[PDB]
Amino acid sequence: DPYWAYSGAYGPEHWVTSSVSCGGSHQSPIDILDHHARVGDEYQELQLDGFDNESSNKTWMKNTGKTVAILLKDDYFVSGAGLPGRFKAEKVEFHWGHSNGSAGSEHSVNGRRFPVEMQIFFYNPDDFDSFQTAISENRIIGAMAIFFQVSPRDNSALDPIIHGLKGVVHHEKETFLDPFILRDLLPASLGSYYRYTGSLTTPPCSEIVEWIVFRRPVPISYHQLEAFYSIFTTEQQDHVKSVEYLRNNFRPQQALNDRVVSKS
């Protein structure tokens, strides 16, 4: 586990030095040009399981200093959508901008970036015993990308998440979360999504991820977004440590190269 940052000396263009996979040709994130997407006519329809159930109070949130992570304590499954088997949810991470809903997503569609991108990571439990096992076996995991877009009104479905962020302002803080409905953190219409093969968007940047990217965004008000802009981290140099806003925590987009993006 090498040190890495989103900017400066250990920023994205330096990642390859300590994690050579970060210089790969199947990296994530990407811009999705819809008119170049192939229509996946062979897809079995996306099936979600457990997404409608209230999350347990053992579910918790952490400020890792690079993102805010949610460690899921319930069984959630996704299958179909050209995914190789049935995948189980492990955790959630977020990426956001700077202020006033400025671009913060990792992916984009037709060049449009979004104020927040939420990512849910999955493993196939039929092949591996845990998410950690799947990572260390270095073969294949699943990931969902969800965009948020500014809305004039608060999205009440987000309340436990926003309240969570209020409670993890500093690097390494942790809090338990009020119950939430994971389905309600997904777009209202799951109809349009994209599929492509890619990688982790942080070191070690392993090219093992089957990505689902939903086209339609989830609403979030400017008032709720402020909870994201109120997250801090620390930056530690040779002889200074400082408390800083955690902002623009996204990786630059990567070339498609030989890859084609598919769409529902």
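A residue's number is simply how far along the shown sequence it sits, counting from 1.
- Between the stretches 84 to 92 and 116 to 124, it is 84 to 92 that shows the larger average CA temperature factor.
- A summary of the deposited B-factors shows that, of 216 to 224 and 50 to 58, the stretch with the larger mean C-alpha value is 50 to 58.
- For the set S108, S102, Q149, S136, the PDB entry puts the maximum C-alpha B factor at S136.
- Going by the entry's values, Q237 shows the largest Cα B-factor out of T234, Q237, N63, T197.
- When all modelled residues of the chain are sorted by CA temperature factor, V78 is found within the highest third.
- When the modelled residues of the chain are ordered by C-alpha B-factor, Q253 sits in the lowest third.
- Ranked by Cα temperature factor within the chain, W211 sits in the middle third according to the deposited record.
- In the PDB entry, a CA B factor belonging to the middle third of its chain's modelled residues is recorded for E174.
- Residue-level temperature factors show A157 in the highest third of its chain, judged at the C-alpha atom.
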